[PDB]
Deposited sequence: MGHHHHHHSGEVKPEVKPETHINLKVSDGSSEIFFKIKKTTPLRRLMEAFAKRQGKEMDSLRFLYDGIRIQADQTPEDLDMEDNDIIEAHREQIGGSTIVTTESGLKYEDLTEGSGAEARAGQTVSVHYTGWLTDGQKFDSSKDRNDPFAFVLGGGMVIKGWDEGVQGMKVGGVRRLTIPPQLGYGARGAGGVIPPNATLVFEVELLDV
């Protein structure tokens, strides 16, 4: 009765935070940020010193967490059907085919489950870009990234694993969401 659960959606996954209706939303923001900013509720910017009571929130209301660049972002759909969104631009020469890139990544399914993260093995992933050493959506989507950049790829099944799936948990005909952080070239 005195507590409320709030669903925070950042464009990759949904994470819930339960807090007392009189706890400042600062606690939710900090907890979210610590996991890895602009939070919106019904399109209005949440201030840290505001409580759920102040904003007339109800259980399981949704908060949008915006981790992208100040000024906003866009989701690009290319000729292949790949979608990508530059959350952070970074700076440097753009990644080109033939370069060996080192990244951190996290992947999620449509059902919201996280299926992998290179951060969970604490182990950067490196590959020759444009070599067919990764799924098609990665060969296309990592091209153009710059060091320090964070790009979110929404990969349709034809640019992923199609009707086969992979890794046990990626089912047939799955759209995949990856966040890729370019560490080095």
Next on the checklist: No C-alpha coordinates means not modelled. Give me those stretches of the deposited sequence in order.
Outcome noted: 1-18, 55-60
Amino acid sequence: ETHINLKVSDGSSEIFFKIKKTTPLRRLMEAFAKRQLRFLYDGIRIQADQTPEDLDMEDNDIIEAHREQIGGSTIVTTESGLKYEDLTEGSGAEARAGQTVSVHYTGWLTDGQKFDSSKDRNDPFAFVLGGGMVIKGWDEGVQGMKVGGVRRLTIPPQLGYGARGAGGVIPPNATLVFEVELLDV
From here on, numbers count along this sequence of modelled residues.
Next on the checklist: If you average the CA temperature factors as listed in the entry, which stretch comes out higher, 22-30 or 138-146?
Outcome noted: 22-30
Checklist entry - Between 80-88 and 111-119, which has the larger average Cα B-factor in the PDB entry? => result 111-119
Checklist outcome for this item: Note to self: of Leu153, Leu159, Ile44, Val128, the C-alpha temperature factor tops out at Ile44
Checklist outcome for this item: Entry-reported C-alpha B-factor of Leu6 relative to its chain, by third, is middle
Next on the checklist: Splitting the chain's C-alpha B-factors into thirds, which one does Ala93 fall into?
Outcome noted: highest
Item to check | Among modelled residues of the same chain, the CA temperature factor third for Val185 | outcome: highest
